[PDB]
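Below is one structure, written out as structure tokens, with a few remarks after it.
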């Protein structure tokens with residue numbers, strides 16, 4: 001099969017978005033190869049001075065539309081529409097104009113600029129899981145979208161979940177969500193979409209909505225505070241105010257310090 | 001050993017019968033391996049059953 | 001950033017296109033103000049400006 | 001270089017603006033006087049009055 | 001480039017002409033300088049001789 | 001990675017290189033601390049004076065005491081070398097018989 | 001102690017405290033690499049304690065503290081130390097050459 005260009009529903013499109021690795025992301029001019037199904041994307045890139053080569057091994061292009069088009073398939077972002085010629089199309093429907101790319105947390109929906117440094121857990125409206133007996137059970141945010149679905153809000157933290165493809169989801173318990181977040185962790189590895197990480201038990205506080213876990217890698221990152229306990233957190237955060245910011249404390253000044261003592265001891269006797 | 005006792009996160013193996021125990025024990029940060037030789041588990045129910 | 005008031009750039013196909021601060025000084029040119037930021041541009045000798 | 005400030009974000013840059021203040025002595029040469037005064041005034045007020 | 005690299009090689013070669021018992025110290029220092037450039041930046045805190 | 005143990009081993013090696021008469025008392029303190037930490041409990045009862053001594057021995061920071069001994073011995077060795085080079089010695093009991 | 005007092009004349013009192021403070025500072029420096037809390041709190045305690053000493057040994061104590069602990073202490077601690085040491089002379093200077 002060879003991809004073809006179609007112009008149906010062209011007047012309903014405001015812009016275009018890129019899907020890479022199963023997660024929608026913004027587009028940059030420095031990228032060189034894309035998978036495209038639209039002809040107006042050529043004018044979109046040309047006005048910004050971009051050029052590209054068409055290939056199937058490159059991120060797909062999807063268009064943001066203001067009209068409910070297509071139907072929801074679990075595991076796939078946005079909506080899928082099939083043309084009269086059999087070719088499939090991808091779109092990003094929205095309810096309000098202030099929408100970029102939206103990812104799904106177990107409780108709420110939060111926008112993001114980069115999937116790698118966001119609170120994103122899932123990127124699909126509906127997801128299916130393996131039950132205790134080994135059979136698929138669908139889950140969705142809004143139950144009116146698909147009959148028989150269970151609300152995402154019914155999920156619980158610190159519980160192992162396995163998808164149909166064998167991926168593992170593990171999100172820690174939280175007490176505050178938004179611009180500032182507080183999380184609690186246990187002595188077990190937590191995993192999110194495509195990335196599993198190991199963390200130790202404790203409590204962490206972040207000044208931003210970025211992903212936070214208790215380890216040296218995240219502890220070295222700015223704007224992240226962690227501690228073994230609530231009381232210990234205050235001591236840890238107040239420690240740098242009276243401590244240097246590195247290992248520059250070389251104890252080789254003691255020879256010079258004791259030189260004065262030796263000099264004065266000899267001088268007094270003489 | 002024929003005696004009921006409390007549960008702690010230090011233990012590492014149990015004989016699980018109830019499904020919801022797998023979710024309850026996870027919330028305390030514990031992990032276990034299923035072996036029938038390890039002590040069994042029971043659930044507290046208000047309703048008169050059995 | 002810009003070396004001179006008027007410059008020349010290659011298009012997407014490689015054809016030369018004149019550029020300058022003001023279009024009135026050179027007919028058929030395109031003003032600098034229309035250039036978008038964070039975009040790669042190339043000149044006759046292959047110099048890259050972004 | 002002096003007179004250049006940077007940070008990861010708007011809040012991060014504002015917090016990092018005070019980074020030289022916790023640096024060990026021997027980091028500024030000419031602008032040390034104003035940095036010293038900005039601490040001396042705060043210390044003397046906050047102690048001697050409050 | 002020639003002048004920016006051949007000079008260092010010439011200096012290194014001339015250093016062997018003025019051989020001394022301390023040449024091995026510089027030889028080990030040269031190995032150490034390159035070793036902790038593509039590696040190291042690790043091994044955390046504690047101790048002071050290292 | 002972590003390398004605290006290697007650092008401690010290097011510190012002990014450098015201490016053994018700078019051998020003096022007072023290394024034995026530090027080794028005795030270290031081995032006593034190890035022995036007390038290894039068994040303890042069994043032979044401590046009553047005698048609050050004995051309990052205080054045991055606690056003082058166990059709480060001694062052996063791992064942070066070798067370094068002070070290094071600087072203590074360095075000045076003594078520098079002084080001895082200065083006396084040997086500038087001033088000389090008359091006693092035959094000195095271990096300078098090597099040269 | 002009697003044998004020590006036999007020598008060093010009148011300056012044995014100055015020598016004793018100067019040696020004790022040097023030994024305490026050396027011990028604190030030896031405990032530094034593991035306990036990172038010491039450089040600040042010990043400096044504050046030393047600044048507090050230096051008031052209860054004679055000026056003759058106080059000058060030596062200040063010189064030793066400034067020589068030894070300076071390269072491993074935050075700048076604001078040093079500026080607070082300088083202000084607290086120099087207030088007693090700033091008052092006199094302001095009274096005698098600036099005040100009205």
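How long, wide and thick is segment A:107-209, going by the Cα atoms along their three principal axes, in whole angstroms, largest first?
39, 28, 23 Å, listed from the longest principal axis down.
Any idea what % of Cα-Cα pairs in chain D are farther than 16 Å?
Result: 53 percent of Cα pairs exceed 16 Å.
Kindly provide the Kirkwood hydrodynamic radius of segment A:210-257 in Å, to one decimal, from all pairs of distinct alpha carbon atoms.
In segment A:210-257 this quantity evaluates to 13.1 Å.
What are the equivalent ellipsoid semi-axes of segment A:189-270, built from the alpha-carbon gyration tensor (square roots of five times its eigenvalues), in whole angstrom, biggest first? Present the calculation step by step, with values, prior to reporting the outcome.
On the way: eigenvalues 436, 37, 22 Å².
Each semi-axis is the square root of five times an eigenvalue, giving 47, 14, 11 Å.
Hey, with R₀ at 30 Å, roughly what FRET efficiency would residue E:48 and residue E:5 work out to, going by the Cβ-Cβ distance, to 0.05?
Values: r = 37 Å, r/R0 = 1.24.
The formula returns an efficiency of 0.20 here.
Within 10 Å of each Cβ in A:154-160, how many Cβ atoms from other chains are there, averaged over the peptide? Let's see the in-between values first.
Values: counts 0, 0, 3, 2, 5, 5, 4.
Across A:154-160, the average partner-chain Cβ count within 10 Å equals 3.
Regarding the protein assembly as shown, what whole-number volume in Å³ per residue does the convex hull of its Cα atoms give?
Values: hull volume 269.4 nm³, N = 669.
Expressed per residue, the convex hull around the Cα atoms of the protein assembly as shown is 403 Å³.
Once the Cα gyration tensor of segment A:125-270 is found, what semi-axes does its equivalent ellipsoid get, as square roots of 5 times the eigenvalues, in whole Å, sorted largest first?
Equivalent ellipsoid of segment A:125-270: 55, 15, 11 Å, largest first.
With a/c under 1.5 counting as rounded, go ahead and sort chain G into rounded, prolate or oblate using the C-alpha gyration tensor (a ≥ b ≥ c being the square roots of the eigenvalues; past the cut-off, prolate if a/b is larger than b/c, else oblate).
It comes out oblate by the Cα gyration axes.
Apply the Debye scattering formula to chain A, with a single equal point scatterer on each alpha-carbon and no solvent, then give log10 I(q)/I(0) at q = 0.08 Å⁻¹.
The calculated log intensity ratios at q = 0.08 Å⁻¹ are -0.48.
Give me the distance in nm between label points sitting 7 Å out from Cα along the Cα-to-Cβ direction at residue A:137 and residue E:21, one decimal.
A separation of 8.0 nm, rounded to one decimal place.
How big, in percent, is the set of alpha carbon pairs in segment A:41-158 lying more than 19 Å apart?
59 percent
Taking every residue in A:258-265, how many Cβ atoms of other protein chains lie within 10 Å of its Cβ, on average?
That average works out to 6.
Could you bin all the Cα-Cα distances of segment G:24-77 into 5 Å bins starting at 0 and give me the percent of pairs in each, rounded to whole numbers?
The percentages, shortest bin first, are 4, 17, 31, 26, 15, 6, 1.
If a paramagnetic tag sat 7 Å from the Cα of residue A:8 along the Cα-Cβ line, which residues of segment A:61-98 would have the backbone N under 14 Å from that point?
In segment A:61-98, the label zone of residue A:8 (backbone N under 14 Å from the point 7 Å along Cα→Cβ) covers A:69-71, A:80-91.
Considering just Cα atoms, how many Å³ per residue does the convex hull of chain E enclose?
Taking only Cα atoms, chain E has a hull volume of 96 Å³ per residue.
So what is the relative contact order of chain G, in percent, for Cα pairs below 8 Å that sit 6 or more residues apart?
The normalised contact order for chain G reaches 25 percent.
Using only the alpha carbons of segment A:71-117, what is the convex hull's orientation-averaged projected area in square nanometres? Can you show the working numbers first?
Details: hull surface 18.7 nm².
Orientation-averaged projected area of the Cα hull: 4.7 nm².
Can you compute the modelled spin-label distance between residue G:4 and residue D:1, with each label point 7 Å from Cα toward Cβ, in nm?
5.9 nm
Hey, what's the Cα Rg ratio for chain F versus the globular rule of thumb, 2.2 N^0.38 Å?
With N residues counted in chain F, Rg over 2.2 N^0.38 Å equals 1.50.
When only C-alpha pairs under 8 Å and at least 6 residues apart count, what is the relative contact order of chain C, in percent?
28 percent
Using a 10 Å cut-off on Cβ atoms, rank the peptides G:74-87, D:24-37 from the highest mean neighbour count down.
By packing density, highest mean first, the sequence is G:74-87, D:24-37.
Counting neighbours? That spans all protein chains shown, and the Cβs are built from the backbone with ideal geometry, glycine included. Quick note: the coordinates plus some simple rules give every number you see, no bench work behind them.
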